[PDB]
Amino acid sequence: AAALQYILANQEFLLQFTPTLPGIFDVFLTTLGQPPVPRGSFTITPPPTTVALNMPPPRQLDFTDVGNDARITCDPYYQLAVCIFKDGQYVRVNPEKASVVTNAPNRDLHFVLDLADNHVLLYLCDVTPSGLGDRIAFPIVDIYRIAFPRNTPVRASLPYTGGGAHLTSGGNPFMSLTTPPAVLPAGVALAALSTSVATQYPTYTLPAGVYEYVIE
């Protein structure tokens, strides 16, 4: 926005300008006959854009399809804003699990928990440009801190395309991360909701159980 109000008595023009784009604007003299002479330079200014993740409000771990509300405090620039990296650029999040949704307080993230997150960190990331992370990315430490209770099941999905056979309940191997037939016990079953960073193998449910999230 630019606003221009003519004030006779005062010989002044009110200038309301938006701090947007870096730019240093050159102004020239107006009075009648319009003589060749400049006055100087006016500077337009880049915006404060901060994006901050806020805690899931209940102390409760929604390891289901509903997941949980990890709110965002953002200056209104970008929606559906979770990312990681792809050979040289950045690779966009699974669309099921990373639902930044609704005309709630600010930006509301309803994120489906997954053990994947033991061998992987995501960033809350600038969407709007044809390039990711210009108006920053928020390293989402908050989500990585996944807990393993022995009363609500734990869902695990292919954390990346490498060999995670070492998925273990006190040592014993289970539904290993990428292997020709995994050891599916009587408390495990595969999660139709393909909440996996990768295509090859989708999410499964491990039971009420503590599992060592390890690679080879």
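Counting starts from 1 on each chain and follows the sequence as written, independent of the entry's numbering; residues without coordinates are not shown. Note: displayed chains form a subset of a larger assembly, with all reported quantities computed for the displayed subset only. Excluded from the side-chain calculation are hydrogens and water; included are all heavy atoms of the structure.

Draft legend 1. Quick peek at the pattern of salt bridges. What counts as a salt bridge is simple: a side-chain nitrogen of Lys or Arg found within 4 Å of a carboxyl oxygen of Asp or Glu. Applying the stated criterion to the full structure yields 1 salt bridge. For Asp 114, the salt bridge goes to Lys 97, with nearest N and O atoms at 3.7 Å. Linking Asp 114 in the loop between β11 (108-111) and β12 (123-125) with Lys 97 in the loop between β9 (89-92) and β10 (98-101), this pair joins segments that are 17 residues apart in sequence. Across this residue pair, the class does not change: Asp 114 and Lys 97 are buried. Strands are runs of DSSP state E lasting at least 2 residues, helices are runs of H or I lasting at least 4, and numbering of each runs from the N terminus. Categorising residues by exposure relies on relative accessible area from a 1.4 Å probe, with only protein chains included: less than 20% of the type maximum marks a residue as buried, more than 50% marks it as exposed, and the intermediate range marks it as partly exposed.

Draft legend 2. Examining the state of the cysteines more closely. Only a pair of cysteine sulfur atoms within 2.5 Å counts as a disulfide in this structure description. Taken as a whole and assessed by the stated rule, the structure comprises 0 disulfides. Note on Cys 74: no disulfide assigned, nearest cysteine sulfur contributed by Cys 125 at a separation of 11 Å. Considering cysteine sulfurs only, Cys 125 is the nearest to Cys 83, which forms no disulfide, with 4.7 Å between them. Classification of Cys 83 by relative accessible area gives buried; the value is 0%.

Draft legend 3. Representation of the layout of surface pockets in the model. Definitions used throughout: a 1 Å grid over protein atoms alone; a cavity as a set of points that fits a 1.4 Å probe which cannot get out; a pocket as an open set with protein on both sides within 12 Å along at least five of seven lines; a lining residue as one with an atom within 4 Å of a point. Grid points are joined across faces, edges and corners, and a volume is the space filled by probe spheres set on the points. Put simply, the largest pocket is a space of about 610 Å³. What lines the largest pocket is a set of 17 residues, and nearest its centre among them are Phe 13, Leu 15, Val 27, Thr 30 and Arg 39. Elements that contribute at least two residues to the lining of the largest pocket include exactly β1 (3-7), β2 (12-16), β3 (23-28) and β4 (38-44). At 4 residues, β4 tops the list of elements feeding residues into the lining of the largest pocket. Its residues assigned to classes, the lining of the largest pocket comprises 11 nonpolar, 4 polar and 2 charged. Any residue outside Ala, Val, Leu, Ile, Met, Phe, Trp, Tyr, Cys, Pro, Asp, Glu, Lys and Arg is labelled polar, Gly included; the first ten of those are nonpolar and the last four are charged.

Draft legend 4. The arrangement of the sheet that holds strand β18 (residues 204-206) in detail. By the convention used here, strands pair only if DSSP detects at least 2 bridges between them. The 3 strands are arranged β14-β18-β17 in an open sheet whose pairing can be described as antiparallel. The strands lining the two open edges of the sheet, one partner per strand, are β14 (154-156) and β17 (189-190). Relative to β18, β14 is paired through 3 bridges, and the arrangement is antiparallel. Looking at the pairing, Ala 156 lines up with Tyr 204 of β18.

Draft legend 5. Region of the structure containing the pairing of β9. Taken together, the 4 bridges between strand β8 (residues 82-86) and β9 define a ladder with antiparallel strand orientation. If you follow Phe 85 over to β9, its bridge partner there is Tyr 90. Turn length for the β8-β9 hairpin, with the two strands adjacent in sequence and antiparallel, is 2 residues, and the turn residue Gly 88 shows positive phi of about 100°.

Draft legend 6. Broad picture of the sheet that holds β12. Spatially, 4 strands are ordered β9-β8-β12-β13 in an open sheet, and the strand pairing comes out antiparallel. Single-partner strands in this sheet number two, and they are β9 and β13 (137-139). Between one strand axis and the next, the sheet turns through 45° on average, direction left out of account. Interaxial angles span 0 to 180 degrees and are taken between N-to-C directions of axes, which are lines fitted to C-alpha atoms, for helices over the stretch in contact.

Draft legend 7. Representation of the nonpolar core within the structure. We call a set of buried residues a nonpolar core when its members are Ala, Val, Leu, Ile, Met, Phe, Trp, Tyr or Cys and they connect through side-chain atoms within 4.5 Å of each other. Formed by 38 residues in total, the largest nonpolar core has its most connected members in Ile 72, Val 82, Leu 115, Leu 124, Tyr 204 and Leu 206. Those elements giving two or more residues to this core turn out to be β5 (51-53), β7 (72-74), β8, β10, β11, β14 and β18. Discounting chain neighbours no more than four positions away, the residues touching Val 82 are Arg 92, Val 93, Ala 98, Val 100, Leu 109, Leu 122, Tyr 123, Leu 124 and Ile 140. Whether two residues touch is decided by their heavy atoms; if any such pair falls within 4.5 Å, the residues are in contact.

Draft legend 8. Highlighting the packing of aromatic side chains. Whether two aromatic rings pair depends on their centres lying within 6.5 Å, for rings of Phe, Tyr and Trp, where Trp uses its six-membered ring; planes under 30 degrees apart make the pair stacked, over 60 edge-to-face, and the rest tilted. Tallied over the full model, the rule gives 6 aromatic pairs. Residues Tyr 90 and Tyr 123 carry aromatic rings whose centres are separated by 4.6 Å and whose planes lie at 50° to one another, so their mutual orientation is tilted. Here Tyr 123 lies in strand β12 and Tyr 90 lies in strand β9, a separation of 33 residues in the sequence. Of the residues examined, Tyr 90 reaches a relative accessible area of 28% and is grouped as partly exposed. We classify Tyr 123 as buried; its relative accessible area is 17%.

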